[PDB]
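Q: Quick one: the structure is below, questions incoming.
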Ligand SMILES: C/C=C\NC(=O)[C@H]1NC(=O)[C@H](CC(N)=O)NC(=O)[C@@H](NC(=O)C(=O)[C@H](C)CC)Cc2ccc(O)c(c2)-c2cccc3c2NC(=O)[C@@]3(O)[C@@H]1O
Ligand SMILES: [Mg+2]
């Protein structure tokens, strides 16, 4: 009866690929660009809003950058709703780890939980996978500052600097050309902004199409989500714009 | 037996969720609705496209109340919007008020309804909702807010926007007419103008619905004696008030 | 019921009685209280008759399954822990059992475990379980020595069971003896207490309290 | 193929997946059993796919119980669950009845799982392995059974399954008699295996085993199998 | 055929269930068996089939209860499943009601069991035909069951390959064998002749013949091997 | 407050000789201080020359007997009509009883028959399944009255050879069927004399290599 | 049921040469109150079985419903339901007994004592007993409650053994049943003078008599009883 | 809920999903395992493509199942994590119920059974992973190396390779591995491993990752500098062979 209508989302191609995984990766490539850069004294996240309109309240708008806990943030590329579902589950897992061990959750543990959720969705249930790619930026007392990435395939990796979404190839090439192991957080901000301005498909980079975040260091980390005026100031300061 | 346990919304090779795009298309063919946020209130408005003149248009409401401080309007398929408003009211009561004793803020209610709609695009044996929603709400710590929710489960905060048939022209007119210093009556006037643009037939208090999230109306509370309990901020305008404001368009 | 098991230079000595009672009524005196789990593992029961018999036979079945799966004899530790986890899963349900799992393996050597329905699992060298465990314990600990000969250790186990059968009213019938060595268990006969008592009294100059 | 159900009938009156699993077994390795009044003999082709593969880790002859042995042919991975269920069945019948389970009863219990597939809980596909179950009981003496994923089982005086099963079966039909001895059955299994094997049969790419009433089910070590191979070589050289 | 033979839940434009017919064809490609009853006895004669000469002969007669048995034609696993269900039903009858299950009610239960599978998505209809002999409080009874869910009581019938010869032999011999009351051997010989009326390039041997008898003074008993040599 | 158990009295006895077994039982079914029936047998033939009796609670005894008969039917169905060995029957009955280890059959169980070597055998079960093969065993109300008599007259306990200075026991010997019938009749007459739950009638099942036969004797009805 | 509420008292029955007889009063007692008069406790099933029930009246009515449903279900697809495949007394018993033992083992029994009496198809007299404990036994005379203590001793003097059954006639058995009913009305506080009596005879079929009364009672001697000992007037 | 039979038989006797999982294995990075006289070496290939990857946090190809058993894989990384987690859970369970760490054969058999169940269950696809499990049995010095495939088949190997270009490495091993004389020292085993990898890992030691397992739970991952030393020695011996021909 209902067999005729099953897309069978979790089956292998003759080559050995997952159809829905590749198609979701394509859909994400068609989404906004997000860039994470890890420095010796902090981590920086930048993202381009694809939703662009002069009547869009950019103040109460967070479509690319979300907070998991107080030590971990995520940059999103793809369907925002699936992203928020996974972010809610991730926050719940972080708080459960906290309640269990009375210590903040290590970043890789949360990343692996989310990646295993994705993989389970790419192996059983006959449901569509999550069309979302995540860039995690966090700090733990074990590995210090950490930058991870995960895709709908359920695979996750680590990076010094990484990009997801659209035009990731040119962004990665530029980052590898301009990255240095001893750079600071302001250098990371400059590099992320230059890469976004050089790999943008719009006229020019402006504050109304940007989301920015910095995890900095006292023995306490500061998770600063940039506001529109702060974004405009950091744009005009780094030389991308002038006013 | 619901053997449809598999996803009905999958990714096409072009990186497209077909059912989501088709729901958005069905939304585009829906009657025009709009919302405008002012400095002291928000306004939502839409056209009352009746099926037959024998049918009583007041019995069917396109503008519905979610919470005493949060109202909603839509564009697309009526029945989906009706079941969605029912689910939204029940979720606002369960997942918040029965826990904190207060009604949820606008952003959280919008997030709950967006989760509901997202589940339609991934769960088994179901199609996405064929509606787009404009939710106008007010909470104490965020003030007034206007949000738009699409069938994809995504939501956006808008200073002012519109959805439906004349969506593009309406949005352009609102971009050309809106500013960050409008009062509630100015927003009502701009909404009436945009609707008069996006309508061809009659335009009177009996053919359009319009509601406001403005000040508290204690006369609509139904009980006195609690100073901390003020009236609701959501109020649908009567046909008389609509016609009075139309007489000065 | 009285059962004892102790390891010494010559391997392991195991000795049980054969009396089963239902109150003051001795239901039987032909009860075999050593269950031959396999040619290398013995199980001594005390307490719930059906409980002990049934679950030690099930333990033997599980050990055979383990041998089929892993192509190797099951260790005394693992064999005892299987029954231990079983009785702990049945804890508080009304099971009353106290057993000794005794074996000789190449990995562990001679090994004796005590396992009760309370979930206790103890590896030990000298164990006595049952209503007459006290008399056994007494005679054993008074005449025990690691340097006992096979003959002397078998005789000591027999004599401890005999004392426990004489004093304790709920233990009697006949003594069942076993010697566990590298090659497995060896049965050393069924000795009726009625005649064994007189033999030991005449040959040892003990049991002077009885008229005879 | 995927346009129909897994338990769909063909117009000829057969189950598609069953026939396809039968083909999968045809592409499997060789397994030959011969039952005589002195015991049953099972021999399998190991078929090591590389010289670096340790041929010892090829267990295509397993022990169900001291009186029942089993040889597999085809997708040996599927056989795992069957072997487990068989061993469990044997020990359970012992625990419930204080006796050894009949060979035919064990084979029937194994076959009862074959068609337990489809869409309480069923597996997705039928098994992709065939079994030769040899044993001895006091009712019907020595017995050899062939068990297929078709749910049906037969009793053979001698049976070959896998690649070459046709010619092997023919030669068995030509070389079998009721007065066959145990050594004769061993040498016959060795000869048929050496014939149908692409590689020169030695004690490393073939495995022998026997069920006898006295010693039960014993798998021959490499040395005894090599001695039997030398004996068969001398036999064939002088014929 | 195509576009209508994928499921048992799909009706043909002519009003046919193709999977059912495919199971029936699976029956037709099986060994031949015949059943015949009088008023005092009931006999099943089955021709067991072998793979080759080194293989056994697949059993075809199954005992359900001391008063009722059946012969199979087609899929052996489905036959075993149905016979086990019938054993369970007779056992439940005897235990709860101290009552011998009527053959007619057994046929009803089998019909409903098959109809269950011939209407639900997932799962296949059974692939075996059955011939049931039984002696109940109303005398001797012979039933023919098809996995379509159709069971019919007859004085005699046959299923399997070339069953038409045996069926016509019984159609002619009815007036003769309906009167063989109180003589088992004569009914056994009539059944052997009926099954021989369906042989092509084959001869009955002790290895390939199975007999089943039930009756007033005879519990359901099966004869194989030398026991059947008296009828060949 | 509802008590799910009851006592119907009764007494059963089992003896095993050289090539035979005997299982006897009183036919008196009672309840409290009243008689329910004077002929309600509780020693049943189950087939395969195996006689069984579960004495005590009549409901539980009947349930256990019916379950064992069903088990024998299914054992014939599922194992090519293989004859059920007496030890196999004992193990299966142990499992039947232990199935309700926490709601036991308030019955003492005794089965009798011939072993694989053709010799007489009896097996006894407590209400939870602890089974043992013995040569004589009495169960039920008058069990405590008959068991010592059995130990004295069947296993020759406390009986030494005269004049041997109490050193040579009486040579244990197999009894004839007539002698065990006499012993059963005497045991049941004594039970009827001293126990109020025993009497009315004694029914004896004799299992030999030729099958099962019945002998009925009258008992006092006081 | 955990404790009975409305209850019926004894039920008596006995065999004779050509059949069986059963009888029971028509009283439903709410403890010590004789609440309901005219309560039939004899349920005729078919033309060959009668079921006499004592105990909880609600469970008795539940068993009545079960018997009616059993008759209806046996009628289904059965062209011989009025003949060779009709409901025999033994079938009805075995079914009720299975039900009773199951309800006991589930700790929610049917607080009843049941006596099934009838004639089989071959003329044999069937008479058996079951209760809330599921205990089953069969005797030439069967009674429940006080009857088991008082009715049986009188009825057993007519048929103390099986061999006495061919000698007893219908008149003898019916007179004995009526005498036992009278004795129960004498010495049972929860009894009634009005009762019902069924006769299942292998030749005349089912004879069911209702609205019977205990007659020929001796009460005159009560005039000579004065005081509890020393009192003279 | 979802029980669609994804792994079914084809008319020629093939379960396509299993074969496609094997192909997915053939598309993953290369992995190799070699047995010495008293050590086992596992080598793995890192994707040179990625350069900005920080190896301090990125998961390694060799994962510890217990203190004495390691597992390398080729294929999909997420399915590998699933199998590794299940294997660790089963190892701890066997420790808990047997008071003895699992044997390499037993852990390998458990993983193979998991994969086989995933090839015969409804609503699930097989694992796109092939595994090499290595270690030493408890209180035993004999090396242990096993391989499992998506189909559920497992087998022991003196030396083996899985993943892309595994044919070339298997040829190199079948040529340069003498069963009679296995690498007696750990250095010889590591050198053979690095050579087998260099036959396909064209880039350099940065992409090669070596781990060594030694009895009594001695598992140590080699640093990139030691791997670079080995590659340098192998290149110097290769150039010496090039010069000796002259
Ligand atoms: C040889 C091994 C131990 N040797 C014994 O001799 C032991 N006896 C028994 O197990 C007898 C066997 C028999 N044939 O009589 N079982 C019962 O009686 C039964 N109990 C009864 O209440 C009944 O009958 C009920 C009517 C029906 C269950 C079964 C039972 C139930 C719960 C128990 O917690 C025990 C036994 C129990 C446990 C620990 C120690 C002892 C026990 N019971 C005792 O009597 C003893 O104390 C003695 O140690
Ligand atoms: Mg008496």
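Protein chains in written order, with PDB author numbering: chain B, 1 to 217, 221 to 246; chain A, 2 to 250; chain K, 1 to 212; chain D, -1 to 117, 123 to 242; chain E, 2 to 233; chain L, 1 to 222; chain M, 1 to 233; chain C, 1 to 246.
All residues carry an ideal CB built from backbone N, CA and C; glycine is no exception.
(1) Distance cutoff 8 Å, beta carbons only. Does residue 110 of chain M sit that close to anything in chain E?
(2) Specify the secondary structure class of residue 156 of chain E as computed by DSSP and reduced to three states.
(3) Roughly how many whole angstroms lie between the Cα atoms of residue 84 of chain C and residue 98 of chain K?
(4) According to DSSP, is residue 92 of chain B helix, strand or coil?
(5) According to DSSP, residue 236 of chain M sits in a beta bridge with which residue or residues?
(6) For residue 165 of chain E, which of E:195, E:202 and E:118 has the nearest alpha-carbon?
(7) Three or more C-beta pairs under 8 Å: does that hold for the segment 4 to 18 of chain E against the segment 159 to 173 of chain D?
(8) Alpha carbon to alpha carbon, what distance is there between residue 45 of chain M and residue 67 of chain M?
(9) What residues in its chain sit with their C-beta under 7 Å from that of residue 118 of chain M, if we drop five residues either side in the sequence?
(10) Among K:82, K:81, K:80 and K:63, which residue has its Cα nearest to the Cα of residue 73 of chain K?
(11) Rounded to whole angstroms, what is the Cα-Cα separation between residue 174 of chain L and residue 19 of chain L?
(12) Any idea what DSSP makes of residue 172 of chain M, helix, strand or coil?
(13) Quick one: grab the DSSP three-state call for residue 94 of chain D.
(14) Let me check understanding here. Comparing Cα to Cα, which of A:35, A:112, A:9 and A:217 lies closest to residue 23 of chain A?
(15) For residue 49 of chain D, which of helix, strand or coil comes out of DSSP?
(16) Helix, strand or coil: which one does DSSP assign to residue 117 of chain D?
(17) Can you list the residues of chain D that residue 157 of chain L reaches, using a CB-CB cut of under 8 Å?
(18) Roughly how many angstroms separate the alpha carbons of residue 129 of chain E and residue 155 of chain E, rounded to a whole number?
(19) Roughly how many whole angstroms lie between the Cα atoms of residue 120 of chain C and residue 135 of chain L?
(20) Taking any heavy atom of ligand 1 as the mark, which residues have a C-beta closer than 7 Å to it, listed down the chain?
(21) Name the one or two DSSP bridge partners that residue 160 of chain C has.
(22) Residue 195 of chain L: beta carbon under 7 Å from a heavy atom of ligand 2?
(23) Going by DSSP, what residue range makes up the beta strand (DSSP E) through residue 86 of chain E?
(24) If the cut-off is 8 Å on Cβ atoms, which residues from the segment 61 to 93 of chain K count as contacting chain C, listed in chain order?
(25) Say yes only if the C-beta of residue 199 of chain L is nearer than 7 Å to one or more non-hydrogen atoms of ligand 2, and no if none qualify.
(26) With DSSP run on the structure shown, which of helix, strand or coil describes residue 190 of chain L?
(27) Run through chain C and tell me which residues come within less than 9 Å of residue 21 of chain D, C-beta to C-beta.
A: Per the coordinate set shown:
(1) no
(2) coil
(3) 40 Å
(4) helix
(5) With chain M covering 1 to 233 only, the question about residue 236 of chain M has no answer from this structure.
(6) E:195
(7) no
(8) 7 Å
(9) 20, 48, 49, 50, 89, 126 and 200
(10) K:63
(11) 9 Å
(12) helix
(13) helix
(14) A:9
(15) coil
(16) coil
(17) Ordered by position in chain D, no residue passes the 8 Å Cβ test against residue 157 of chain L, which lies about 29 Å from the chain.
(18) 19 Å
(19) 54 Å
(20) K:1, K:19, K:20, K:21, K:22, K:23, K:27, K:28, K:31, K:33, K:45, K:46, K:47, K:48, K:49, K:50, K:51, K:52, K:94, K:96, K:131, K:170, L:104, L:106, L:126, L:127, L:128 and L:130
(21) C:33
(22) yes
(23) Unbroken run through residue 86 of chain E is the alpha helix (DSSP H), 77 to 98; no beta strand (DSSP E).
(24) 70, 75, 77, 78, 81, 82 and 85
(25) yes
(26) helix
(27) 9, 10, 11, 12, 13 and 14
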